[PDB]
């Protein structure tokens, strides 16, 4: 049974300033971090009848400064774990007919909004080391960040997205983006913004008041309620055909498409295994996977090669249990 198998987390990460004048990218990886309630995972068509280990991966592409992306790095997964614990307790007591996608929707919406209110100084926030909560903005009104987050467990990938960072799954031979960029030229977003009294203006791409190229993000109170911190969530059962999952800021996506990124990641992961002995089983999943790290490294080099003039952050995640080469 898939809900019974050991989920060993295999990943690599690169986050560099690149050709930029300052670093505004941040990221967070927390293996074996969450305890996901099976009832939020199992589909209706499956049998009935506690929790699966969940791994957390997040990429935060800051704009207007670095303080919001950093706060997200430091806090967002903890906020999410608080929210899961809440819903987990309600689900143990009551049970609606709530679809899975709807459950994860409310968990991530609350979590993203909580982080956003804390940043704005509207929600009381704990400080590491201190017994006392404070009500105080973490950053000025012009600072914001995208947030793309993925929970991985044995049966499912759940992605929550706010902004134009992106998560892409390689299944079989096809890239499958697991998020849809929040951009003002989306008709739903355009209408949301214009109906709220805002302007979408063509200025090196469609921009909120000509300024911001994304229609959602965490922070950016100067442009509320036009840009909002509300994510969209993708609930994605895994497949034996899945190869790898990539999360990245636009330092990567501006210069390569989804299909070529996936094809390149898979190839570099495979090349590593053809030339290296499998790592010691015991130490696997305790830190970065060298195959994945080689893949993320190569992608960042390629992106720079192709003229990316931005911060580049990439997390490569290997979804194959094992990669052996049958021959003879």
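Positions refer to the first chain, counted from 1.
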Looking at the deposited sequence, how many residues between residue 49 and residue 50 were given no coordinates in the entry: none, 1 to 3, 4 to 9, or 10 or more?
1 to 3
Comparing 36-44 with 257-265, which stretch shows the greater average C-alpha B-factor in the deposited entry?
36-44
Decide which of the stretches 88-96 and 240-248 has the higher mean C-alpha B-factor, going by the entry.
88-96
In the PDB entry, which of 234, 202, 154, 140 has its C-alpha at the highest B-factor?
202
Between 282, 28, 295, 69, where does the Cα B-factor run highest in the record?
282
For residue 299, the third of its chain by CA B-factor is the lowest
Residue 118 - which third its CA temperature factor falls in, relative to the rest of the chain
lowest
Please place residue 130 in the lowest, middle or highest third of its chain according to the CA B-factor in the PDB entry.
highest
Going by what the PDB entry lists, where does residue 63 fall on CA B-factor within its chain: lowest, middle or highest third?
middle
Considering every modelled residue of the chain and its Cα B-factor in the PDB entry, is residue 12 in the lowest, middle or highest third?
lowest
